[PDB]
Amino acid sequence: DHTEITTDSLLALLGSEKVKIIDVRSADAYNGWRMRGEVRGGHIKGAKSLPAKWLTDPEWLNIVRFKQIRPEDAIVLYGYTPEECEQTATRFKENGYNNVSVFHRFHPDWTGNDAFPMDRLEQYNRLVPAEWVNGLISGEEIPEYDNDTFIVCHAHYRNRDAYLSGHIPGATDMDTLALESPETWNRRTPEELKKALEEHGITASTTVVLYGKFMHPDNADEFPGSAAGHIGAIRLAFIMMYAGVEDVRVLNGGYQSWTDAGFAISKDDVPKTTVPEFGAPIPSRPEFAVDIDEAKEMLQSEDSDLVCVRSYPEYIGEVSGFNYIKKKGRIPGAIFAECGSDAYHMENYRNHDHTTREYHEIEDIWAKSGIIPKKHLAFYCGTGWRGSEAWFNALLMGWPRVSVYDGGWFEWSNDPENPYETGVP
């Protein structure tokens, strides 16, 4: 039936390839959130992330095999309690994984003893869990927060129904058109950004928690981006951090994470409180956004490289990805980092619950193509949405020189004098 591994045995196996240490806690605890008040947040060094809440996913066995977890591997599960990994161990044993052990002493033994190595997402407090947002709006004391004023922002693209059909209590909505211009789909000018943030009640010293709602985008609609709300949320996070909002948060997973926790929702139309001054020059961090001239300079630079976060059909020129762009092709010289199925999904950068994919798997995929934190990188896609999320992931890992090429394929292909390749490489 069972098998236990002690702290002594597990420590002498952290480098072994045939053992797979599996963290069954939440992805937010995996990244470094001290969800139980532990003195050290994060995961055991070398652990893979497989939250036990995914056991209800009928694709659980495919998620396991997409993580290269093979039946001949020595499975080592752990969590906050050994009872957390019991239903996952049985789930493995019935599917042919006969070598399955459970590590009992991750908390407080492994966490409360510095001799045991742990790892965490370097900027994890920017990727907040649902419990953190609940305590924030409830006035309760929470870690990783020490501010007076905050604003929860529900993001969407010309679809206020996404906000009115159910949102977080006290939350105000923000159309993506408040921060990006429809003529270029780039960030707005500083004066427009200053005026837009003030009429939403955002100052430079205001903590902004951003999130969106996944509403199953279909490529047959007029505005599929009106259903990819959480992508626009991270897209708005990049713009605010570019503008100068010093403390910007993102609810990991979006509206799905709020309802999964079981918290109350509101359907009210909360009015916007206005603030008279933003209080900081815009943009305060202009290095986060590059334009077309510097993007062309980064292609020929040995120190730089562009990252194409688009789908494979767009990359080979089969489709343009959008119903308002007609030219198909790819920018020559960029490194391909596939986002997923189409222009409104991020399968390769997300779990099924829309939380950010295990960042180690993101680093390993990026590393195989030469995408490393030593370079100055500018992520881009069609118009900057999918590139903003890829940039946010690299920002969360503490990469020192990452940016977004706002123009993307939209601005690039609009100039006939700009080159582009097509077809399979």
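Don't overthink the numbering: it's just position in the shown sequence, from 1.
Between the stretches 332-340 and 276-284, it is 276-284 that shows the larger average CA temperature factor. Higher average CA B factor: 63-71, of the stretches 374-382 and 63-71.
Which of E131, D303, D173, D119 has the largest Cα B-factor in the deposited entry comes down to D303. Which of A237, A261, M298, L251 has the largest Cα B-factor in the deposited entry comes down to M298. For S403, the recorded CA temperature factor ranks within the lowest third of the chain's modelled residues. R105 sits in the highest third of its chain by CA B factor, as recorded in the PDB entry. Split the chain's modelled residues into thirds by C-alpha temperature factor. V245 is in the middle one. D353 sits in the lowest third of its chain by CA B factor, as recorded in the PDB entry. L50: CA B factor in the lowest third of modelled residues in this chain (values from the PDB entry).
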